[PDB]
Every structure is written in structure tokens, then in C-alpha cells.
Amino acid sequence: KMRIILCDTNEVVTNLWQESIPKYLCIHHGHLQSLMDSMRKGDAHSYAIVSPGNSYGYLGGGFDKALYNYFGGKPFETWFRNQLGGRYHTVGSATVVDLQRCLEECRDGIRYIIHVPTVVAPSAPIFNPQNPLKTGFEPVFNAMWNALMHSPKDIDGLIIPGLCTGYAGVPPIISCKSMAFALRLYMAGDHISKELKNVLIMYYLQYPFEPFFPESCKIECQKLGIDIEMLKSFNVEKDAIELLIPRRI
């Protein structure tokens, strides 16, 4: 029902998205502005856009800079930061800013900005090749999951750029995989129980804790064609997400 639009200027990110994502989803290789421009030929809708930002709400670089220029510049940023409460927001959290209040600076059909802090500050990248899981796969999954979970149920579409693939420094090959997995779970809709999706996330992130894998979910894996053994040994570095969520689902 909700159209997901992945947008990025980096070809590496868009190509990987195409290669890993099975209408309800669109991929735009280019600037946010070019997407918004062509977004006026089909309408003659309400959207939310994901902001991979910092813990303080400043919109001075990367994707956020696009938003900065598009919505009003400095005065907008000042307004934006105050909507966020003006204080430190932790990475792993998400806050929705409703632009509807633009009626005392409105723009296009975007009513919401889903602010997801991906870095405390852009003083350095978050990624460390020594642990691509803790500084790559996990943080990216968390940002995508939070973006999807916080998306207002009333919007027509959701605009999302590569997460942590810019100033955060996470390789596209890692980020795109976590983004794809989060999307695949979302796309599965109610075809997979909330609890089983929990388990898939737990093993995808490599936290094999049996106590959190109920028998009912094992029964569900059997019914859905999800190999429990491959699940229990899932290696995000080498295994295809198709093993956790078979395309048939």
C-alpha cells in the first residue's frame, strides 16, 4: 500500500539496491531534487522522507543538505532543530517532524521528515572494518527498521536514501544488505508473525540466543520453508537474506 522510494546519487548504492530488492518500490539514481522534479508529472499524495542525520539535528551535509536547501535553509534548520526538542537524540532513535505546521514554508507533497540520527556528529566515520557487524550491518539495520517503524500510517510514500553510506562511512555493500533485509521483513507483511520476524532479526544480527526462539516460531519456519539450521548459523557476511525470507513468502 505504501510506496517505498529509494533515492541516492551514488551508483554503487542504487545498483546494489536493484540487485538485492525483488509498483510498491521505486529506485531513483540521482539527487533528491531531480526526484522531486519528476515527482510532479504524475500528479495533476503525502510523503515522508528519511533524514540520516546527527544527534543534534543539524542539516549541514550529505542528504540533509538537500533537505536544508529544499525546505528553507538556516531559518528552516533552526525551526527543525526546535521541533526535535533542541537536545541530543541518541543513535538508535527516530523522531518525526511534521511539516504541516508550515502554515504558521510548505513544499511539494512532503509532510514529514523522519529524523534518524546515524552519527553523533560527522567528526569521523562510524564504520570500522575490524567489526563490520557492530559498526556496519547492525547500525544500518537499526536505522532502516526505525525509519519504517516510525513512518506515519497516513502517507502515500516514503523517501529513503542510503543509510550510513555517506559521512558515516559504511560500505554500500554492507548498508544495502541491511536495508534490503529490513525491507524484506516489511514487505512480508503479515505473512510472517511479529515474533518470527523478531527471531530472524536476532539471527541476522548474529545473536544466537535459543531462549528467544520459541517453539511456535520453529513450527512457523517449517510451515514457511525457512531452514531452521541455516537460520541458526546465519552469517551476515556470507549468507543470502533469501535464506531467512524465501522469495515465495
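Numbering starts at 1 and runs along the sequence shown.
Chemist: Hey, how big is the hole between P22 and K23 in terms of deposited residues without coordinates: none, 1 to 3, 4 to 9, or 10 or more?
Modeler: Gap between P22 and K23: 4 to 9 unmodelled residues.
Chemist: Unmodelled residues of the deposited sequence between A44 and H45: none, 1 to 3, 4 to 9, or 10 or more?
Modeler: Unresolved stretch here: 4 to 9 residues.
Chemist: Return whichever of 131 to 139 and 95 to 103 has the greater mean Cα B factor according to the PDB record.
Modeler: Result: 95 to 103.
Chemist: Which is higher in the entry, the mean Cα B factor of 187 to 195 or that of 25 to 33?
Modeler: 25 to 33 has the higher mean C-alpha B-factor.
Chemist: Of the options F71, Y112, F80, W145, which has the highest CA B factor as deposited?
Modeler: The record points to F71.
Chemist: Would you mind ranking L200 by its C-alpha B-factor against the rest of the chain and naming the third, lowest, middle or highest?
Modeler: For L200, whose C-alpha B-factor we compare with every modelled residue in the chain, the answer is the lowest third.
Chemist: Sorting the chain's modelled residues by C-alpha B-factor, tell me whether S216 ends up in the lowest, middle or highest third.
Modeler: Middle third, going by the recorded CA B-factors of the chain.
Chemist: Would you mind ranking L224 by its C-alpha B-factor against the rest of the chain and naming the third, lowest, middle or highest?
Modeler: Highest third.
Chemist: By its CA B factor, does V12 count among the lowest, middle or highest third of the modelled residues in the chain?
Modeler: For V12, the deposited C-alpha B-factor lands in the middle third.
Chemist: Lowest, middle or highest third of the chain for the C-alpha temperature factor of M39?
Modeler: Within its chain, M39 is a highest-third residue by C-alpha B-factor, going by the deposited values.
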